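First up is the structure itself, then whatever we jot down about it.
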There are 4 protein chains.
Amino acid sequence: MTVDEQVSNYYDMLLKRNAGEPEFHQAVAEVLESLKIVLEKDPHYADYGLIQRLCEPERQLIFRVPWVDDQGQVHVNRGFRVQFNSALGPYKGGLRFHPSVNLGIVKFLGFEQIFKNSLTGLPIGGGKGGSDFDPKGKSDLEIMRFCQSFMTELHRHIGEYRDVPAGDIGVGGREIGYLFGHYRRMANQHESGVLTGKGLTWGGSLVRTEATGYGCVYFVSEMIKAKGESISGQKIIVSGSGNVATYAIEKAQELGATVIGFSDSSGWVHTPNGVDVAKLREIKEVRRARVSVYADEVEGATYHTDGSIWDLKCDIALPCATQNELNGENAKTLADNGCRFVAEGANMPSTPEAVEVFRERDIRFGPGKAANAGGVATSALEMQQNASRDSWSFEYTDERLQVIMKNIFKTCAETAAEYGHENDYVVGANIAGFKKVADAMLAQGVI
Amino acid sequence: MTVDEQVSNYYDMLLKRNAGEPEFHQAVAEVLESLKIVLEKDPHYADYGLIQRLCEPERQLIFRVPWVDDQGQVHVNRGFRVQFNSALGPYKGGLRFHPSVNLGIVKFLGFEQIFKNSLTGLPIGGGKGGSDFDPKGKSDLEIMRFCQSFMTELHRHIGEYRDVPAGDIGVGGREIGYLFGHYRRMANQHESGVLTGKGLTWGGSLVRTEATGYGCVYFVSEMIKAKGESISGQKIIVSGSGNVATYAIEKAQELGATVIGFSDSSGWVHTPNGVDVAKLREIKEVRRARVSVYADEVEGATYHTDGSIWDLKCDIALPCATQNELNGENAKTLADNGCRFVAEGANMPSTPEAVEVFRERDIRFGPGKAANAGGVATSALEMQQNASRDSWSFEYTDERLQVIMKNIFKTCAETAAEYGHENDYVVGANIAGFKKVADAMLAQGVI
Amino acid sequence: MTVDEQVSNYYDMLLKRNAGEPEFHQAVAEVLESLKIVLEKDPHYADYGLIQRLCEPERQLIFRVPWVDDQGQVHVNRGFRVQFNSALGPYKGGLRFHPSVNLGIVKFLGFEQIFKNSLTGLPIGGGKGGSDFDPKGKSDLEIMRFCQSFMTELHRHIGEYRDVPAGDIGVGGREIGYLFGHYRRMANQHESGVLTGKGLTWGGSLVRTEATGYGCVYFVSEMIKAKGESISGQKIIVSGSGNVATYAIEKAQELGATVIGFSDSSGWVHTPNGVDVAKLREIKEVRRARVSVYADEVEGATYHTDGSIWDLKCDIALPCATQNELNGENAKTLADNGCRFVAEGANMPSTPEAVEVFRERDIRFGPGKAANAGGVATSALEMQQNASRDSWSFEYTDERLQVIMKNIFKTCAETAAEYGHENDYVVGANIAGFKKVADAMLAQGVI
Amino acid sequence: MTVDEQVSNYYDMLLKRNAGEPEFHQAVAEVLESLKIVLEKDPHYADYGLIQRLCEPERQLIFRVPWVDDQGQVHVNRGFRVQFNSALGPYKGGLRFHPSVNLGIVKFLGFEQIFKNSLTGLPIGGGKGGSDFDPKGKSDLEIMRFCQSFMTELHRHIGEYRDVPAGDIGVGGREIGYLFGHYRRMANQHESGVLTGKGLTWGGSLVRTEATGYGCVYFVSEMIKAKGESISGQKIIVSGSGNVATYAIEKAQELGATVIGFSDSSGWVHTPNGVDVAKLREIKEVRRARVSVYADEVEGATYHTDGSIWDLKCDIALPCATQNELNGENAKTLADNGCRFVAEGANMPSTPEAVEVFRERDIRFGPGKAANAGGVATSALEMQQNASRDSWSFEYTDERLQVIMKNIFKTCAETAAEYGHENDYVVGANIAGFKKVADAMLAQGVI
Ligand SMILES: NC(=O)c1ccc[n+]([C@@H]2O[C@H](COP(=O)([O-])OP(=O)(O)OC[C@H]3O[C@@H](n4cnc5c(N)ncnc54)[C@H](OP(=O)(O)O)[C@@H]3O)[C@@H](O)[C@H]2O)c1
Ligand SMILES: NC(=O)c1ccc[n+]([C@@H]2O[C@H](COP(=O)([O-])OP(=O)(O)OC[C@H]3O[C@@H](n4cnc5c(N)ncnc54)[C@H](OP(=O)(O)O)[C@@H]3O)[C@@H](O)[C@H]2O)c1
Ligand SMILES: NC(=O)c1ccc[n+]([C@@H]2O[C@H](COP(=O)([O-])OP(=O)(O)OC[C@H]3O[C@@H](n4cnc5c(N)ncnc54)[C@H](OP(=O)(O)O)[C@@H]3O)[C@@H](O)[C@H]2O)c1
Ligand SMILES: NC(=O)c1ccc[n+]([C@@H]2O[C@H](COP(=O)([O-])OP(=O)(O)OC[C@H]3O[C@@H](n4cnc5c(N)ncnc54)[C@H](OP(=O)(O)O)[C@@H]3O)[C@@H](O)[C@H]2O)c1
Ligand SMILES: O=C(O)CCC(=O)C(=O)O
Ligand SMILES: O=C(O)CCC(=O)C(=O)O
Ligand SMILES: O=C(O)CCC(=O)C(=O)O
Ligand SMILES: O=C(O)CCC(=O)C(=O)O
């Protein structure tokens, strides 16, 4: 009968109907804990099956992606698109190409995507997709043929107002190129708004490449200022060395912080006097090389396959690689080494035991649906540019991005306090994200 | 031979082809009277069967709307959509749910919509729709089911560039939600431009709820200033108590006037010190109660089922309920009692004998196609925002609404003056409306 | 390098990719166990990733199905449509509404449908779908609304040349009516070919009701015909009581044959010289009762509830209910009782432990995919009639159903000889099913 | 081995595959000469059959256009739409109605259009169309019937994101009205972005009428400044007397130059003291007369059917009529007479010999794809306004046009000097145009 028990019962239904999907469970569990708080103050938010509707995807698509390799052998990978919620706008979210991908992972990401997209203040619903295809070691022509095969099925389920994909792990500028190209061929339309993360001469927006890392740094700055500090002269750990990590690093150093290390999935680098960003980019973008190559070619910088990047003494930790990369034990050692701020660039990097640790140890924590929202926000700006056939300057778009991140910070911190959990940005994000979606779902009827 | 005979013989054919539609005949007759004046000076506005094309709807849809009530009983209502003219833009116009609705009524409203929409200066054609469904006493779920059944057929005839409905009598925010939600579900597109009057978190515009009533008051203020007067300190009658009336009342009293009465279909309330808007909104929108309840609960306010609201001594009358609610006897009484200005919030509220009494008694008269155009204007601003994926502030949109009502007034005043009927805004509005639609029609050929 | 190392490594990959779906794993294993044989003799059947393509669904759809109950209360169920293979024709297969339905099960049934449909000789591919919706204890309104909600998503993925569903458990004539009606509403097309199982006056086929039943028996008419054991008089234990079983029984006394009683998921029966269907059909379809409401009669019919349905004296046995109703103690005490033939009517009616108890125990099997194909065969005849706008007489359709069932037995016999496991009809069924589909995929390229 | 050999062999291919299309060979020849310069520095622009793809149209449509004349007599003309390249945006370019029209000509125009459109800076791909129809001598109703028949086939190959036509020789404001109107009828969409050159009250843009001639004069003005001279006080020849000629004349005279002659296909007029623009416009647009009538009605102006317009002594020649109207001998006559600047209002007016004479006589030469791009740049601005449902003022749009033409000149000059050929604006335009397009094509894959 109590809120606590209504919700725990749906969660047990959810476990039943979604068996075998631990990451999806993890995401829903974090959100449902926050919804308890919301339904204790405002019980009409449970009316008309709203929660049952919310955690069930509108549509899910799983399809065969055949493709021919350079030796002329045929392979078959699995493609996914989860269209989770469209109450606020077309489904919006990226595409992950990594051998780990399964439906459970795509759903975890699409579900998070709802609340994130809601927080942007922009008109976007949530979705995600990807494939268990492994782009590593493939030639451009293999990637191209895969993108083409994948988009051959996906084209009929997407569109400027329907579902707008983008990149993620394994999907950068190159793959979005092949995807968009082949979309136009399938549809016989130059429909710029169908994808975000496009190149600048064919419909893309200026700050999008930098957006997720910039936005994450902009958000952590807000958290730092609200505690009475400044990001200048702070020491920062950034896990990852892909799209998000690179630009979080760049923005942290423009604002006067020092990034004392970064990583790939092979290991990590200690850079106690900061990162040479041009160098890291030559290394990852041109050479496609490992973080260890940086260490060898940069004096002061040393490679490590032992322990964890989280063993470093820091003020601020920005996890920007993947889900569940920062466990309870990682969280203990950062707290013991003097870390006062954590903000997630990645989607769900912190395990639930790490998030509990941060709270017990009075560490300020920016959840991913808030701190990494600069990307999807800037994607929505790309969409807006496309719908107007306009093209904005870097300085204009970046200003928009700065203001979006401040406003997300502000609604997270105000919503948190409104519901009696001041400085708990998880609660704040989850509730503000949820309320905008729910109020739109109630307006629009049972659909 | 004579222009007079030509237009009159055509009107005679149109009574034959549209037998049994008095309201359509009445709207057509008033316009055609003004067209006689245009054609006496510029006979080439009659070329290419232009008037014969204008007065025949491009398309009319009538359809069965079956729905199930809360007792599991099946009901069947009739749905309508008239797509009248599309020379200037997509068909644009609201939906009326009321038990009096038939094809004649939908056509009168569609026809008027052509000229009003033209007058806004914005790129919108004319249509209207509705059903003979009666929303009164229906539950939210019964209304949702009706809207969903209604839109199951209508979805295929509408679209962002095709036909963009909105609300009207019986169709407000609630119903627009249900219609929009179901459209998205029928189309599988989050196509914001398909309806206007949407809610602020799913593609609506800031001033639209208030726009018609606000616009009506803006328009009448220009009429008033044209005579050397101000709206501040005037006593104003506003018939009706829905969307138009509420905000006409709100605007008028913000500008320092006093609204001395309002009404619904059951009777009328005398409010000599003005109207408490928040109390009337609670009664109408939360409780869906009669205006008699306002009088019960508000001191100074008296309920009447005898006589007419038009019996009150006023400076300004704003009919904001329905067609033919202010007749010739009403018009004499108003004039006798000191009324100097009439502007139509509603569509065609004044009967032809009432309009002539205003002419005989030199009462300044603002016809609905000009005075109530703020609504559809602000709707076009909703479509403009949606096309750009942009959201404008309340102040920005309200300022645009102001300029637009001032431009409309000016166009009606200058055009009347141009054609020899100074201060006859009916003539000016009809002619100014007509000329722009005609010029576009001639340019786009026989279609 | 060996033929058993491709197979077992793909079988192993397939366990990673489709984790948690053991029925699909089983069904893929048995089919692969047969492809080993085909490869030794015909090596080109593994070319161009043929098997990797065959075991991955062309497309899988999972969607939210919201619906409202008689109390005005919102529920959310999950709907499915797997469109496995279309090499021989449009996707073909039924819809199951039952609380045990999940992606794994739909996939397994859809996979088996490919080869079942291939064996018939007709232009049908394979698919399946349904929902976790529980049609037990629902009003007709609730089932209609559910059907309406379900078809509102499903209609955009189906069609006469695309995908043609049918009934199965939980989806009988009534549901097909509701689905077909709403399909027409969404499409604005009387597209009779979109579904099979339709009523007679709106595009149905005359033998469809009696087909799966008449099927199991036309098959036996060559299967026992190879041995002796009389062209008459043999007992038939008929495990089920819906469309397939009721009519399997109904196809009794063709030219003289004792019957014994039957079951559901409550309890079973035993009887003298017959079981007269007249009385089962008024209580199982038109009233919807239990098997207790037949067995309270029937001048002999008695009702057992704790034991097992496979402890009757046989000597022929015709299940026809769900997957997984014959295991360790049933299969061995089926054989015990000097007991000989079988012609099982479910989708995968016996388990992998029961199949060895029919192989080793010399039991002449009539498999799932071959002997109860008369249903799908007659679906295709419905598609044929719709395509030509013809309605065939009963005699004619029944005759065509006899031809088809001859050929299925023939191709099962001839191909089981051709690969030297002669009369293991499981094998020729399984190989002939595979080769037609494989051959079509090879001809049609990498798609 | 050499780039010279590689490109020349390709050209010999192209000559064979496209036999009998000289205008197309001519246009491809001049572009391929500039591309040799690109490949000697950056030879990976030939990667992935880039050039082979660029020179083969994406799609070409040739269709029957039947229509009935005012005497009830049936005629049959041929219609073309070539959709050349869509890398940078939807296909964009005009329609030509003239008796000389054939496929080879449409392709010449379409090919130039790719590079022109690239040069603007705006998101538009390349295409063109037309008909062999001769609108000379036809009634307005004949022209409407032809446009209606033409668009009955064309509408399905076009669209706001697909292909957006416009005017060109024989297709002005009147024809675009008929075309647009019929498009809306075919599509049932008020899709403003489908065409440019539209009228001001139905989605057109201010400045579009003037844009090509205006833009040409803005370009030549930059060429002149770059020699350290000034346009004011110069004598200018403008050939032609249609859309482009008219507004080049107006702009050149506004800037303080004297236009000393102009023409139609029947002869030329010598206007030693300048052109009376209002008079010309009245003769050409209202009376649809020959330029001889201008000479008859204006003292000091003289009609000539002898010799050539290019016999006049001038400082600047602006051919604004048609392809290959200024030949070898014409170029010598102009050079010898003191001409110092040639800018092309028309598409490809200067013969290959003419251009040689210019290079050798030190005459500055503004190729069409740069100098006449103001037209299509302003069409893209019309698309932009339409996509935003917005209307821009004349001042604002004409300032956008001025900046764009300055930027085109700048990119031609800089690019030409960059690749070792300073002041060769042909080289600069061709390389700058190619590079954006080629970059976009590489990103989008083999499509
Ligand atoms: N791109 C966006 O706009 C965006 C927006 C919001 C959120 N995100 C999230 O940001 C995260 C990374 O995104 P990205 O776009 O930057 O992807 P990316 O460019 O592919 O980079 C991912 C980085 O993470 C590394 N990585 C993968 N697994 C790892 C592990 N277990 N430990 C350490 N490093 C690991 C990769 O290294 P290897 O080369 O060794 O695999 C690579 O350096 C994801 O969680 C994604 O959902 C991205
Ligand atoms: N909403 C817009 O944007 C808009 C724009 C331009 C023009 N209009 C026009 O403005 C007028 C009012 O629209 P609304 O949107 O305010 O509708 P609404 O919110 O449904 O309100 C209608 C009001 O008028 C009264 N009324 C309705 N029918 C009546 C009748 N037949 N006799 C006497 N009183 C009656 C109603 O009282 P009961 O409850 O007793 O029926 C109610 O108070 C209509 O003529 C409409 O076409 C509306
Ligand atoms: N013509 C066709 O429909 C067709 C064509 C090809 C294949 N099939 C296959 O044939 C089978 C029968 O389907 P149907 O169309 O006859 O469905 P149906 O009309 O809904 O009847 C199914 C019957 O099976 C019973 N059952 C459930 N659990 C059982 C258990 N553990 N042991 C014994 N019986 C049980 C049901 O009892 P309750 O009512 O108590 O649940 C019910 O009497 C299915 O496996 C289907 O895939 C059918
Ligand atoms: N309109 C645009 O926006 C635009 C943009 C870029 C480029 N262009 C190019 O500019 C040139 C002219 O364009 P515009 O047509 O749009 O003006 P237009 O209104 O059609 O007028 C064209 C003029 O050229 C003359 N002419 C046509 N063919 C001729 C020939 N074969 N020999 C001698 N004179 C001839 C015509 O005389 P007659 O009346 O005697 O035929 C007429 O005065 C074309 O090359 C076109 O492709 C136009
Ligand atoms: O910009 C996008 O849509 C990609 C965003 C995304 O997938 C994410 O927010 O993690
Ligand atoms: O289209 C709208 O905004 C509703 C306005 C309308 O139909 C009216 O002008 O009465
Ligand atoms: O599609 C058909 O007709 C029969 C196949 C099937 O799986 C069913 O209906 O239960
Ligand atoms: O504006 C257009 O697209 C028509 C003009 C054209 O085709 C051109 O630029 O030559």
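Just so it is clear: chains get the letters A, B, ... in the order the sequence lines come, proteins before strands, and each one is counted from 1. For ligands, and for the atoms within them, numbers begin at 1 and follow the listed sequence. Values below: all heavy atoms of this structure, side chains included; hydrogens, waters and symmetry mates excluded.
Checked against ring pair (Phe, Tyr, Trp, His ring centres under 6.0 Å), B:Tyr247 has no partners two or more places apart in sequence or in another chain. The ring pair (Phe, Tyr, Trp, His ring centres under 6.0 Å) test applied to D:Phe108 returns no partner, not counting sequence neighbours. Among residues two or more places apart in sequence or in another chain, the salt bridge (charged side-chain N to carboxylate O under 4.0 Å, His left out) test is passed with B:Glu344 by none.
Per-residue contacts place A:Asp168 under 4.0 angstrom from the following atoms of ligand 1 (heavy atoms of the residue considered): 15 (O), 46 (C), 47 (O). The ligand atoms of ligand 2 that sit less than 4.0 angstrom from a heavy atom of B:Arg208 are 3 (O). Less than 4.0 angstrom separates some heavy atom of A:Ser241 from each of these atoms of ligand 1: 43 (O). Ligand 1 places these atoms under 4.0 Å from at least one heavy atom of A:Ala346: 9 (C), 10 (O), 11 (C), 45 (O). Near A:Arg96, meaning under 4.0 Å from one of its heavy atoms, ligand 1 places the atoms 44 (C), 45 (O), 46 (C), 47 (O). Near B:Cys320, with a cut-off below 4.0 Å to any heavy atom, the atoms of ligand 2 are 11 (C), 12 (C).
Between B:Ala166 and B:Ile176 the shortest heavy-atom distance is C-CD1, 4.1 Å. When all heavy atoms of A:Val238 and A:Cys320 are compared, the closest pair comes out as CG1-SG, 3.7 Å. For the pair A:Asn372 and A:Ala346, the tightest heavy-atom approach, listed with the atom from each and the gap, is ND2-O, 3.0 Å.
Without hydrogens or angle criteria, B:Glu382 side chain to B:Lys198 main chain gives a donor-acceptor distance under 3.5 Å.
The side chain to side chain contact (heavy atoms under 4.5 Å, CB included) test with B:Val291 singles out one residue from B:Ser241, B:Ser265, B:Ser263, B:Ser266, and that residue is B:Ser241. For the side chain to side chain contact (heavy atoms under 4.5 Å, CB included) with B:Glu325, the qualifying choice from B:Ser308, B:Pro349, B:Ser350 is B:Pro349, the only one to do so. Partner A:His304 forms a ring pair (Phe, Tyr, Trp, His ring centres under 6.0 Å) with one of A:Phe262, A:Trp268, A:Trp310 and no other, that one being A:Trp268.
For A:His98, the closest heavy-atom approach to ligand 1 does not fall below 4.0 Å. Residue contacts with ligand 2: B:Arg288 is excluded, as none of its non-hydrogen atoms falls under 4.0 Å.
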Worksheet item: Is there a side chain to side chain donor-acceptor pair (under 3.5 Å) between D:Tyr91 and D:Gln113 once you walk through the steps?
Response: CA-CA 9 Å; D:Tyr91 309 101; D:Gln113 207 67 47; over 6 Å; no
Worksheet entry | Candidate pair D:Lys128 and D:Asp168, rule side-chain contact (heavy atoms from CB on, under 4.5 Å), full reasoning | CA-CA 9 Å; D:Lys128 264 274 156 152; D:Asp168 196 87; 2.8 Å; yes
Discussion item. Side chain to side chain donor-acceptor pair (under 3.5 Å) for A:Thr246 and A:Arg281? Distances and angles first, verdict last.
Written reply: CA-CA 8 Å; A:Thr246 300; A:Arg281 286 235 263 153; over 6 Å; no
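Rounding to the nearest 0.5 Å gives a distance of 11.5 Å between CD1 of A:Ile237 and CD1 of A:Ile249.
Looking at atom 41 (O) of ligand 2, its nearest protein heavy atom turns out to be B:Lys136 NZ, 3.1 Å. Here the heavy atom of the protein found nearest to atom 17 (O) of ligand 1 is A:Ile169 CG1, 3.4 Å. Nearest to atom 29 (C) of ligand 2 among the protein's heavy atoms is B:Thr322 CG2, 3.7 Å. Nearest protein neighbour of atom 1 (N) of ligand 2, counting heavy atoms only, is B:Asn243 OD1, 3.3 Å. At the top of the distance list for atom 42 (C) of ligand 1, counting protein heavy atoms only, stands A:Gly242 N, 4.0 Å. Counting protein heavy atoms only, atom 14 (P) of ligand 2 is closest to B:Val244 CG2, 4.0 Å. Counting only heavy atoms of the protein, atom 39 (O) of ligand 2 lies nearest to B:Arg290 NH2, 3.1 Å.
Checked against a 6.0 Å centroid threshold, the rings of D:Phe84 and D:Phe111 count as neighbours.
When the heavy-atom distances from atom 44 (C) of ligand 1 to A:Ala321, A:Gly170, A:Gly345 are ranked, the shortest goes to A:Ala321. The closest heavy-atom contact to atom 27 (C) of ligand 1, among the options A:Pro319, A:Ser239, A:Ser265, comes from A:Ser265. Comparing A:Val171, A:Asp264, A:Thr212 against atom 5 (C) of ligand 1, the shortest heavy-atom distance belongs to A:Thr212.
Contacts between A:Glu344 and ligand 1 below 4.0 angstrom, taking non-hydrogen atoms only, are absent altogether.
Looking at ligand 2, you won't find any N or O of B:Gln323 less than 3.5 Å from one of its N or O atoms. For a threshold of 3.5 Å applied to N or O pairs, the pair formed by A:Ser266 and ligand 1 contains no separation below that value. Distances between N or O atoms of B:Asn347 and those of ligand 2 include at least one value under 3.5 Å. Backbone and side-chain nitrogen or oxygen atoms of A:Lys116 are examined, and none is located within less than 3.5 angstrom of a nitrogen or oxygen of ligand 1.
For the pair D:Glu112 and D:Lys369, the salt-bridge criterion is met [side-chain N within less than 4.0 Å of a carboxylate O]. Under the 4.0 Å criterion applied to side-chain N and carboxylate O atoms, D:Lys92 and D:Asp163 are not assigned as salt-bridge partners.
The protein residues lying under 4.0 angstrom from ligand 8, judged by non-hydrogen atoms, are D:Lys92, D:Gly93, D:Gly94, D:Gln113, D:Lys116, D:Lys128, D:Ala166, D:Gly167, D:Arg208, D:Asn347, D:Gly375, D:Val376, D:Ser379.
Between the side chains of A:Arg208 and A:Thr196, not a single donor N or O lies within less than 3.5 Å of an accepting N or O.
Per-atom contact check: atom 12 (C) of ligand 1 touches the protein, criterion being a heavy-atom distance below 4.0 Å.
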